[PDB]
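What follows is a short report on a single structure.
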Amino acid sequence: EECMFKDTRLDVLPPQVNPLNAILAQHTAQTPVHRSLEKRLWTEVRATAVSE
Amino acid sequence: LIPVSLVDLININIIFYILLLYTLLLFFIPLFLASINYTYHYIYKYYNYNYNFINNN
């Protein structure tokens, strides 16, 4: 009843959770493993492309 | 008894009383509505959007 006569903003703060983790986890769960290993090839070939 | 009377049942004088009373009520409604509640002060002070940033690394 005395909510107006308090300062409870510290008792209720916005969480520091990154929602991106929930997104990337759903991304890996849907993909297979050989595509995960392929991404290491896509990155490596991109490095050699920038090198040449 | 005096108040036991059919003349006092539809008394035009009391009807004038009611008329003037509620016309004045209508005139003064915008002053009766002029009381302040402190709820939007609370909403401004306590509503805190999430200020944390995204950091993939």
Side-chain angles (χ1 to χ4, degrees):
Chain A
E1 310 192 328
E2 288 197 330
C3 82
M4 297 260 187
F5 309 93
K6 298 182 170 59
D7 194 347
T8 55
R9 297 178 274 178
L10 308 180
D11 299 0
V12 166
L13 289 155
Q16 320 208 331
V17 175
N18 195 324
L20 200 62
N21 306 139
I23 288 151
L24 302 172
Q26 173 163 20
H27 187 53
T28 58
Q30 290 163 5
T31 53
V33 181
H34 64 97
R35 293 286 190 77
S36 191
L37 180 59
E38 207 182 359
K39 203 180 164 181
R40 289 175 190 177
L41 199 148
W42 289 94
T43 46
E44 172 160 359
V45 170
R46 274 187 204 171
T48 64
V50 168
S51 86
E52 70 198 346
Chain B
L1 267 59
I2 287 163
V4 186
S5 48
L6 296 167
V7 170
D8 293 333
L9 178 54
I10 307 158
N11 205 346
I12 187 60
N13 215 16
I14 291 152
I15 285 160
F16 290 154
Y17 191 75
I18 289 150
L19 281 151
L20 269 67
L21 196 144
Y22 286 101
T23 52
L24 261 71
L25 196 147
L26 279 171
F27 185 72
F28 290 122
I29 288 172
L31 309 183
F32 299 138
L33 302 176
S35 314
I36 284 156
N37 313 136
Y38 292 86
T39 190
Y40 290 106
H41 302 76
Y42 200 90
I43 294 161
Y44 187 91
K45 192 166 147 180
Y46 287 75
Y47 174 40
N48 293 316
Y49 62 102
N50 196 307
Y51 59 90
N52 311 127
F53 288 107
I54 309 306
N55 296 297
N56 206 323
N57 307 125

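So that the names make sense, note that chain A is the first sequence line, chain B the second, and so on, each numbered from 1.
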Distance in Å, [X] [atom1] paired with [Y] [atom2], rounded so as to fall on 0.5 Å steps:
X	Y	atom1	atom2	answer
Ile10(B)	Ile15(B)	CD1	CD1	7.5 Å
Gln16(A)	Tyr51(B)	CD	OH	6.5 Å
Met4(A)	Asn37(B)	CE	CG	8.0 Å
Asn56(B)	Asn21(A)	CG	CG	8.0 Å
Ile18(B)	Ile12(B)	CD1	CD1	9.5 Å
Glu38(A)	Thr31(A)	CD	OG1	11.0 Å

Any chance [atom1] of [X] has more than 12 other-residue heavy atoms, nucleotides or ligands included, within less than 6.0 Å?
X	atom1	answer
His27(A)	NE2	no
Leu6(B)	CG	no
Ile43(B)	CD1	yes
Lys6(A)	NZ	yes
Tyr40(B)	OH	no
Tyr17(B)	OH	no

Can you give me the closest heavy-atom contact between [X] and [Y], atom names plus distance?
X	Y	result
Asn52(B)	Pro15(A)	OD1-O, 2.7 Å
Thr23(B)	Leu20(B)	OG1-O, 2.7 Å
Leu26(B)	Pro30(B)	O-CD, 4.0 Å
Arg9(A)	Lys45(B)	CD-O, 3.4 Å
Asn50(B)	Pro14(A)	ND2-CB, 3.5 Å
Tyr46(B)	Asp7(A)	OH-CA, 3.4 Å

Please answer: with hydrophobic residues joined when any side-chain heavy atoms are less than 4.5 Å apart, are [X] and [Y] in the same cluster?
X	Y	result
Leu21(B)	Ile29(B)	yes
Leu13(A)	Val17(A)	no
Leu19(B)	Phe28(B)	no
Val7(B)	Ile2(B)	no
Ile14(B)	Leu25(B)	yes

**Message:** Looking only at side-chain N and O atoms, does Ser5(B) offer a donor or acceptor that is under 3.5 Å from a partner on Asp8(B)?
**Reply:** yes

**Item:** Pairs involving residues 42-52 of chain A, ordered by first then second residue, that meet salt bridge (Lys or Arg N to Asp or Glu O under 4.0 Å) (sequence neighbours left out)
**Value:** none

**Prompt:** In terms of ring plane angle, is the pair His41(B) and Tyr38(B) parallel, tilted or perpendicular, where the classes change at 30° and 60°?
**Reply:** tilted

**Request:** Check step by step if side chain to side chain contact (heavy atoms under 4.5 Å, CB included) holds for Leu37(A) and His34(A).
**Result:** CA-CA 5 Å; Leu37(A) 180 59; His34(A) 64 97; 5.5 Å; no

